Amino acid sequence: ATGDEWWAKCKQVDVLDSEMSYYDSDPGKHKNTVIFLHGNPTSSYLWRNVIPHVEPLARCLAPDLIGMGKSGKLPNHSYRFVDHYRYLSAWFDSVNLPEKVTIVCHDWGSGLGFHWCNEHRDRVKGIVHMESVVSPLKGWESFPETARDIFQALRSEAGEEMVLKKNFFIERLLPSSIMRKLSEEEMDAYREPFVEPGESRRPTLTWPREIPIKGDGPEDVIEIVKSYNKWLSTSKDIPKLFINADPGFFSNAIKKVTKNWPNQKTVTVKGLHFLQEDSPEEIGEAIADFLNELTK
């Protein structure tokens, strides 16, 4: 339950010019393996109540993205999508994975995971995604109205004071998209990587600045997302599970974007954006069922 208790189950490995922390239920084993990828502004802690439903069937890994959780902070403060992907790709190559894996992913963890799958198509046995980055936004009009002003502010010069000084993503956006009230210990686990004001919080500001918005940018992320969206939309041989959150945040838009994707099943659970905090049991059970279907 505590951050301390969760990270006590994790390990650290040197990766490139830094280090990454990750959960690994069965180090080095090439049995059925599942990788859980968090997004902004969370960490592997997000999966703590989902993973126990899956471990009996698979080796479960859950890394903290660079700059987040207990992974290292980068002294150039550069945490763009491409930086995260460079680190995550090196992490995949460092943890002794079997020939194919299942990816379970959320938010920017899905951006990174979908891109990794697109670049390593023969390594993918299935993808479970939720509140995910499935396509570029055609414009600001497609961003949910209740959050549109906030995210435009985050992407403006005001973002630095909002995040680096006031920790806006941790203190306001995170609890706003959990239906229940987190305990003090749970909230402190999310706060821990970002307790010190300043550049430690940069990952939580750069992430909203990477959202692919057509006509705005950033162009490199737009191209990456367009590329994996094209692959996913015709990926008839890759089993996919979309965990829809009711009422969710981006879930309603994801349902429409992916309605014609082949080989995708949908399950619905109660939640806003951070659905793992409201329905971890149903999410874990849905993943376990999905894995069993692969094994037949």
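Heads up: residue numbers just count along the shown sequence, starting at 1.
Of the two stretches examined, 54-62 and 255-263, the record assigns the greater average C-alpha temperature factor to 255-263. For the two regions 132-140 and 188-196, the entry's Cα B-factors average higher over 132-140. The residue among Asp83, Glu210, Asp122, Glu157 whose C-alpha atom has the highest B-factor in the PDB entry is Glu157. The entry lists C-alpha B-factors for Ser71, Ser110, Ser183, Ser89, and the highest of these is at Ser183. The entry lists a Cα temperature factor for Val13 that places it in the highest third of the chain's modelled residues. For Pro175, the recorded CA temperature factor ranks within the middle third of the chain's modelled residues. When the CA B factors of the chain's modelled residues are split into thirds, the value for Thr33 lands in the lowest one. In the deposited entry, the Cα temperature factor of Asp149 places it in the highest third of its chain's modelled residues. Ranked against the other modelled residues of its chain, the C-alpha B-factor of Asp93 as given in the entry falls in the middle third.
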